[PDB]
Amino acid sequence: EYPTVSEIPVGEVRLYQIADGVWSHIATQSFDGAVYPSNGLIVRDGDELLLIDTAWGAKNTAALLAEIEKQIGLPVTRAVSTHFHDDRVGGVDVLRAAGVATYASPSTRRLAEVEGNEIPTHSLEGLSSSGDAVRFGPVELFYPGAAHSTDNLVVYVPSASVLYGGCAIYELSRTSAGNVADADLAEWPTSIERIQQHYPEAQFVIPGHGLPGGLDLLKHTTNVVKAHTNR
């Protein structure tokens, strides 16, 4: 039922309704000879939509906008990028050209600029310290501490009990670490524990890539990260 890579031609995007007014968007990207899925979030806010993360690239993100327009038909007014990598900011320029106000933390914006990646326009205040949370439209933004990257944010939808982990949370099928070049392996388990302590009532947990699940995905990611730490 949840889409996988073989259902998704490159450059195309699928939407998946998780709860009332809450969808994930799923896309694919090729890299180093393999094909990866990637998730983001869509949250209804009255008669508009809040977008969480791009669909990994300009072409995917334009297709994302066209699919939202076709299937939902409400305007995407704001977007939040949860860290500075391409699967999160790649396509910000397409969003901005479409009239979407793009947002990220000051930490993410600076890291994106140093990396030469696209830079969300607006800066999100109140997220500079581990454990910081701010309301942003229909969601709560949470900075749990460094994990997959030093800037990674997670997103909770209290109306639907949906926790979106971004790349800081692995799907259960992943038994080994992915790209950890920008990770803080020493702090990743502690950051996950902050997520667990702050959202123990979460019912749906969306990883940055692959299949959603329950709160078990948090301990799963800790297990994998700790195993990678020990080589």
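Note that residue numbering begins at 1 and tracks the sequence as displayed. Definition used throughout: the rigid core is the maximal C-alpha set that superposes within 1.5 Å between two forms.
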Just give me the stretch that moves more in 9 other deposited structures of this protein: 207-215 or 6-14, judged by RMS C-alpha distance after a core fit.
6-14
So, in 9 other deposited structures of this protein, taking the root mean square over structures and residues of the Cα distances after a rigid core fit: is 54-62 or 27-35 the more displaced stretch?
27-35
Taking only the CA atoms, which stretch has the higher mean B-factor in the record, 128-136 or 104-112?
128-136
Taking the recorded C-alpha temperature factors, which stretch has the higher mean, 26-34 or 180-188?
26-34
Please work out which residue in 89, 154, 160, 147 has the highest C-alpha B-factor recorded for this crystal structure.
160
Of the options 165, 40, 57, 46, which has the highest CA B factor as deposited?
46
Taking the chain's C-alpha temperature factors as the reference, tell me which third residue 219 falls into: lowest, middle or highest.
middle
Would you mind checking where the Cα B-factor of residue 199 ranks among the modelled residues of its chain, as the lowest, middle or highest third?
middle
Is residue 94 in the lowest, middle or highest third of its chain when residues are ranked by C-alpha B-factor?
middle
What third of its chain's C-alpha B-factors does residue 123 belong to: lowest, middle or highest?
middle
Just say lowest, middle or highest third for the CA B-factor of residue 173 relative to the other modelled residues in its chain.
middle
